[PDB]
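*Asks:* 3D model of this:
(one chain, ligands or ions: 1)
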Amino acid sequence: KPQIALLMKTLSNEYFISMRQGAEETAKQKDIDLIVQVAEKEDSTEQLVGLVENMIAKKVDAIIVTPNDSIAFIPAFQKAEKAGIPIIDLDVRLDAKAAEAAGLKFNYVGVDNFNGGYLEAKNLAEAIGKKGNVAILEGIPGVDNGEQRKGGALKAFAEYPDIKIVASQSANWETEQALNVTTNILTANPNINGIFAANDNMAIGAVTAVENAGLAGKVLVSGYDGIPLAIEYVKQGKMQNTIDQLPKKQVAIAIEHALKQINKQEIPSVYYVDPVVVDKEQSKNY
Ligand SMILES: OC[C@H]1O[C@@H](O)[C@H](O)[C@H](O)[C@@H]1O
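*Replies:* Numbers count the residues shown, from 1 in each chain. Please see the structure below:
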């Protein structure tokens, strides 16, 4: 009965709670013994590497890890290759050029976050009337997934000359911070009518601001991940859209990909699940 480790940067997020649950359903279905270990602060890279190497030391059958740093985990991954343990890079993608440099072959599973943001910004751009002033809420500075979604958004508003990015501030993926930041951003420009948030938590924090500010219906918010509560807000109209990243399908493919590599079959180096744009008429399905 093969023993697989899932090593996660956090569980404080609802999104990962969702992925962990889907992970355990796939584990049960495929008769896998599944070992979940979570890092303590979301941003502590060292401790997570700590965790990966432990699993190497325990000679676990496979490891699925959601990295904490695109580069820090490379020596970890090429230690796992030397211990002949297959290993799947989930969610956050390791630096390709850096991986190239060190002779490392590694396998990712996720989504195009650039595309996801492009698709997500584009929908809100259209929603606020191809016109207005937008403000971007970003994740923890540096993380690829966050910046990718930003670059994605930026490309999209660049297509609407009557939409101008007037505010961009990091809310670090936390609801409570995005409420603070959004409030301070809404006072700063009263001509803001649309809010792009790079995850579902900051979108929720951003909606609470506009409704606090008596601005419901007058500023439209987009999010990213597709968590239940975001989806509900989309139903009620409190949100314009979120992008369902399919976190269960992702980690399902991760576990499916580990198993193949345990049985010495080839997997793609990259696998991008196809995200869904979730707005009120696609909301009918959620
Ligand atoms: O932890 C905040 C976010 O981290 C990203 O890497 C994931 O794609 C999810 O959007 C998650 O919600």
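
*Asks:* Pull up the residues of the chain that are close to the ligand.
*Replies:* 13, 15, 91-92, 145, 173, 199, 224-225 (CB under 6 Å from any ligand atom). C-beta: built from backbone N, CA, C; applies to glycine.

*Asks:* let's go with 5 Å and repeat that
*Replies:* 13, 15, 145, 173, 199, 225 (CB under 5 Å from any ligand atom).

*Asks:* what's in contact with whatever helix or strand the third one lives in?
*Replies:* Which is residue 145. Residue 145 belongs to helix 144-157 when elements are defined using DSSP states H and E. Applying CB atoms under 8 Å, 6 or more residues apart in numbering, the contact partners of helix 144-157 are 70, 91-93, 110, 112-122, 125, 134, 136, 138-140, 163-165, 168, 173, 196, 198-199, 224.

*Asks:* What residues sit buried inside that helix?
*Replies:* Neighbour counts using 16 or more other CB atoms under 10 Å place 144-150, 152-154, 156-157 of helix 144-157 among the buried residues.

*Asks:* try stretch 52-65
*Replies:* 52, 55-56, 60-65.

*Asks:* which ones among the contacts of helix 144-157 are found in strands?
*Replies:* Among the contacts of helix 144-157, the ones falling in strands (DSSP state E) are 110, 134, 136, 138, 163-165, 168, 196.

*Asks:* biggest separation within those, which pair?
*Replies:* Across the ones in strands among the contacts of helix 144-157, the longest distance by CB to CB is 30.7 Å; it joins 110 and 164.

*Asks:* Looking at the two, which one has more neighbours?
*Replies:* Using other CB atoms under 10 Å as the criterion, residue 110 and residue 164 rank with residue 110 on top: 23 against 14.

*Asks:* what's the burial count for the nearest residue to that one once chain neighbours are set aside?
*Replies:* Spatially, and ignoring its direct neighbours in sequence, residue 110 is nearest to residue 91 (5.5 Å; CB to CB, 6 or more residues apart in numbering). Under the neighbour criterion other CB under 10 Å, residue 91 is assigned a count of 26.
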